[PDB]
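Residue numbers begin at 1 in each chain, while the letters A, B, ... track the order of the sequences. What's counted below: heavy atoms across the whole structure, side chains too, no hydrogens, waters or symmetry copies.
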2 protein chains.
Amino acid sequence: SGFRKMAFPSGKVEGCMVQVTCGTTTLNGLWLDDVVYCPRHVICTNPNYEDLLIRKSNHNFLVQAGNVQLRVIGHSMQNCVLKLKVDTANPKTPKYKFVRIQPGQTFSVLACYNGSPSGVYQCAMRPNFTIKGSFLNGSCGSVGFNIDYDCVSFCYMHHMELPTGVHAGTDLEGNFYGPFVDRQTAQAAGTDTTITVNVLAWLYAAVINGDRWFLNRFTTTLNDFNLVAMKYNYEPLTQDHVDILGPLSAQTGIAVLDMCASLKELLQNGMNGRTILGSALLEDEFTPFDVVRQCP
Amino acid sequence: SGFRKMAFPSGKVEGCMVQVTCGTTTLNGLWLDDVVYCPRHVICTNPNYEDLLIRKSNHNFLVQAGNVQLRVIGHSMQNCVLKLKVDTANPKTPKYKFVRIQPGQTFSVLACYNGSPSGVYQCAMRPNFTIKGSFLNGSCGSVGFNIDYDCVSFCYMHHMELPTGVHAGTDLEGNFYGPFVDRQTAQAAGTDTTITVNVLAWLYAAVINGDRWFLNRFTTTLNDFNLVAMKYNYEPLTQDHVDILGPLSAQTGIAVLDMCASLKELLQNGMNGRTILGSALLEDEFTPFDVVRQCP
Ligand SMILES: CNC(=O)c1cc(Br)cc([N+](=O)[O-])c1N[C@@H]1CCCC[C@@H]1NC(=O)c1cncc2ccccc12
Ligand SMILES: CNC(=O)c1cc(Br)cc([N+](=O)[O-])c1N[C@@H]1CCCC[C@@H]1NC(=O)c1cncc2ccccc12
């Protein structure tokens with residue numbers, strides 16, 4: 001029993017974190033085989049990054065893996081990431097993939113400073129392609145990931161904090177999530193929405209954990225629920241969402257559109273002083289997969 | 001910016017997790033130097049554990065570290081933990097300590113099944129000496145820990161789930177936290193209370209992160225605040241608590257008894273539909289140390 005914001009064990013990623021310094025700028029890099037990946041803004045001092053990199057050489061990059069200095073033998077840019085070829089393959093390289101995630105999906109973040117891991121937490125990619133992380137100066141180059149069997153799927157590299165305190169970054173191919181750029185502009189997070197399928201998944205987790213007070217005998221139609229969703233700035237629920245919630249609905253015996261009638265009531269009436277899984281708000285940062293992981 | 005339930009990077013503990021089997025019972029053990037620590041209930045089939053262990057031999061214990069079988073060359077009991085001496089020292093043993101924690105303190109939990117780590121999360125030791133974990137059948141022997149510089153301070157080994165779904169266990173010397181025993185009885189979690197110094201720490205974290213709506217111009221006395229605390233089932237605030245909150249009060253310029261007047265108002269009036277650090281409840285599972293870790 002119980003339901004926590006649960007990250008993947010971070011060891012396989014800890015063994016890949018290094019420190020990258022260029023000039024007076026230090027941040028984190030990801031060392032996989034003989035390449036170190038890091039944000040290209042490490043080379044900054046409205047820049048043209050192609051010009052900035054042409055003016056650099058391998059010896060301008062200091063890469064440290066714990067106590068060991070790695071010798072850079074090549075450098076190149078891939079979108080907003082720099083690839084530093086080093087003369088040593090990381091012996092701790094896990095089986096890995098570079099995957100790009102969808103808004104509404106979750107991942108673990110290994111926050112790192114000066115190449116040294118500091119902490120691990122779970123995050124969701126918001127509909128507006130920001131993440132509500134916890135990051136300080138020096139955290140750039142920290143990565144987000146999921147782990148399946150022995151395989152690390154890297155999905156996020158940290159680049160910046162926006163004015164509202166939320167975070168923006170790239171996939172590991174250097175392509176930003178969302179309409180953001182690695183320069184100082186007035187860019188800001190756009191309007192957001194609540195991830196409906198995740199709220200439903202979390203209500204199923206609550207039922208599995210014995211919270212039942214919000215249940216009722218009613219069912220709704222998909223169309224009528226989506227009318228309520230749009231009033232409350234919730235994403236539309238699709239038939240694919242209903243299908244994805246199938247296992248949790250079978251586990252609890254509560255049909256998806258039955259649970260949707262509960263969510264409609266919670267949206268229109270609130271909780272009347274009660275809580276669900278220790279929260280007085282509707283939580284939307286757990287996917288159906290996340291619930292089954294802790295509540296099979 | 002941002003504030004998350006943030007665990008310590010779990011790699012140093014992942015390398016210590018093994019599978020212990022006795023008879024048909026499997027759970028997790030902690031392998032440090034040439035000893036594997038695990039819950040003594042692995043030897044059960046109102047037991048007398050001294051009798052149960054006298055009837056066992058080394059060959060009754062199967063210990064597997066990933067794919068490698070470790071040969072047990074000695075067995076002994078230490079309170080509610082079994083110590084299995086093995087013929088190989090763990091080459092991945094970190095610098096470590098066995099520390100016992102206080103109610104109100106926090107730690108990271110590496111949930112494990114069949115000797116294999118599944119997830120990492122942060123937990124607090126409740127005033128009633130339970131933890132609100134996330135644990136399933138097979139999770140016994142999972143451990144809780146904090147990490148400081150290179151040193152893992154192990155503080156918790158998981159033994160059982162109580163009827164309300166919360167969790168109970170021992171320190172790594174085998175001594176239970178709280179009035180619990182490793183037998184089936186009608187034991188249940190006792191009354192709990194809210195950890196006041198942690199709520200205050202989290203209000204300081206909120207201010208550091210730009211949430212200021214609950215602040216006011218008033219201050220209270222310690223005695224008058226503690227009258228309100230006892231009405232709302234909050235722990236008394238001590239002068240030592242006030243001293244511990246010193247750094248956060250200096251960082252924000254908000255005196256501790258100034259913030260106490262805010263907490264009094266929140267307790268008496270609620271939040272009027274507003275939120276603090278993404279919560280509509282007063283959070284008490286972050287220590288002052290946890291706040292400074294993410295909000296220096
Ligand atoms: C704060 N400001 C921005 O983060 C920022 C804002 C914009 Br608009 C554009 C960029 N840009 O172009 O990269 C930014 N990156 C900064 C400047 C270039 C180098 C990296 C810098 N950021 C960090 O060090 C950082 C990361 N995370 C959380 C933080 C919390 C507090 C302070 C700093 C950070
Ligand atoms: C559920 N019941 C108890 O956990 C229990 C309750 C009491 Br009262 C006393 C003991 N006792 O004496 O050890 C208990 N341990 C169980 C019996 C002895 C072996 C270990 C057993 N527990 C787990 O496998 C377990 C751990 N965590 C979360 C779980 C969630 C669901 C199912 C099982 C667990």
Side-chain angles (χ1 to χ4, degrees), chain A residues 1-15 17 92 108-112 116-123 131-137 139 147 149-150 161-167 205 208-211 270-271 273 275 277-283 285 290 293-296, chain B residues 1-15 17 92 108-112 116-123 131-137 139 147 149-150 161-167 205 208-211 270-271 273 275 277-283 285 290 293-296:
Chain A
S1 303
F3 199 67
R4 285 299 193 147
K5 288 246 154 133
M6 191 177 71
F8 284 102
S10 55
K12 274 163 183 84
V13 178
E14 291 169 50
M17 290 321 291
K92 287 175 222 202
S108 309
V109 169
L110 182 67
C112 282
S116 181
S118 61
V120 68
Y121 56 88
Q122 197 82 346
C123 263
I131 74 174
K132 305 178 171 280
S134 179
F135 284 128
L136 303 164
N137 178 58
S139 58
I147 305 189
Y149 294 102
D150 58 346
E161 179 170 298
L162 288 161
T164 57
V166 298
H167 300 109
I208 293 166
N209 272 274
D211 290 343
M271 298 193 186
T275 56
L277 286 173
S279 182
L281 310 177
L282 304 167
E283 304 275 335
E285 289 209 351
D290 294 344
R293 178 178 168 219
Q294 271 180 84
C295 302
Chain B
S1 303
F3 199 67
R4 285 299 193 147
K5 288 246 154 133
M6 191 177 71
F8 284 102
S10 55
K12 274 163 183 84
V13 178
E14 291 169 50
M17 290 321 291
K92 287 175 222 202
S108 309
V109 169
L110 182 67
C112 282
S116 181
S118 61
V120 68
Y121 56 88
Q122 197 82 346
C123 263
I131 74 174
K132 305 178 171 280
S134 179
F135 284 128
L136 303 164
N137 178 58
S139 58
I147 305 189
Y149 294 102
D150 58 346
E161 179 170 298
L162 288 161
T164 57
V166 298
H167 300 109
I208 293 166
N209 272 274
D211 290 343
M271 298 193 186
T275 56
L277 286 173
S279 182
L281 310 177
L282 304 167
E283 304 275 335
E285 289 209 351
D290 294 344
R293 178 178 168 219
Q294 271 180 84
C295 302

task: Identify which part of B:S116 has an atom lying under 4.5 Å from any heavy atom of chain A, answering side chain, backbone, both or neither.
output: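 Interface part for B:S116: neither.
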- request: Inspect the contact between A:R4 and B:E285 and indicate whether a charged nitrogen and a carboxylate oxygen are less than 4.0 angstrom apart.
  value: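 Answer for the salt bridge query: yes.
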query: Under 3.5 Å, side chain of B:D211 to main-chain N/O of B:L277, donor-acceptor pair present?
result: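 Yes, because the side chain of B:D211 sits within donor-acceptor range (under 3.5 Å) of the backbone of B:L277.
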field: Sidechain-backbone polar pair: A:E161 side chain, B:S1 backbone, donor-acceptor under 3.5 Å
entry: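 Such a contact is found between A:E161 side chain and B:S1 backbone.
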message: When you compare the side chain of B:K5 with that of A:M6, does any pair of heavy atoms fall below 4.5 Å?
response: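 Sidechains of B:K5 and A:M6: no contact.
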query: Nearest 0.5 Å, what's the CE-OG distance between B:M271 and B:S279?
result: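 Reported to 0.5 Å precision, the distance equals 6.0 Å.
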message: Looking only at heavy atoms and a cut-off of under 4.5 Å, which of A:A280, A:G11, A:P9 has the most pairs with chain B?
response: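 Heavy-atom pairs under 4.5 Å are most numerous for A:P9.
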A:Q294 versus chain B, the contacting section by heavy-atom distance below 4.5 Å: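 It is both, since atoms from each part get that close.
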task: Can you tell which part of A:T164 gets under 4.5 Å to a heavy atom of chain B, answering side chain, backbone, both or neither?
output: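 For A:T164, neither part sits under 4.5 Å from chain B.
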message: Quick check for you: among B:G133, B:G278, B:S139, which has the greatest number of heavy-atom pairs under 4.5 Å with chain A?
response: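 Answer, by heavy-atom pair count under 4.5 Å with chain A: B:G133.
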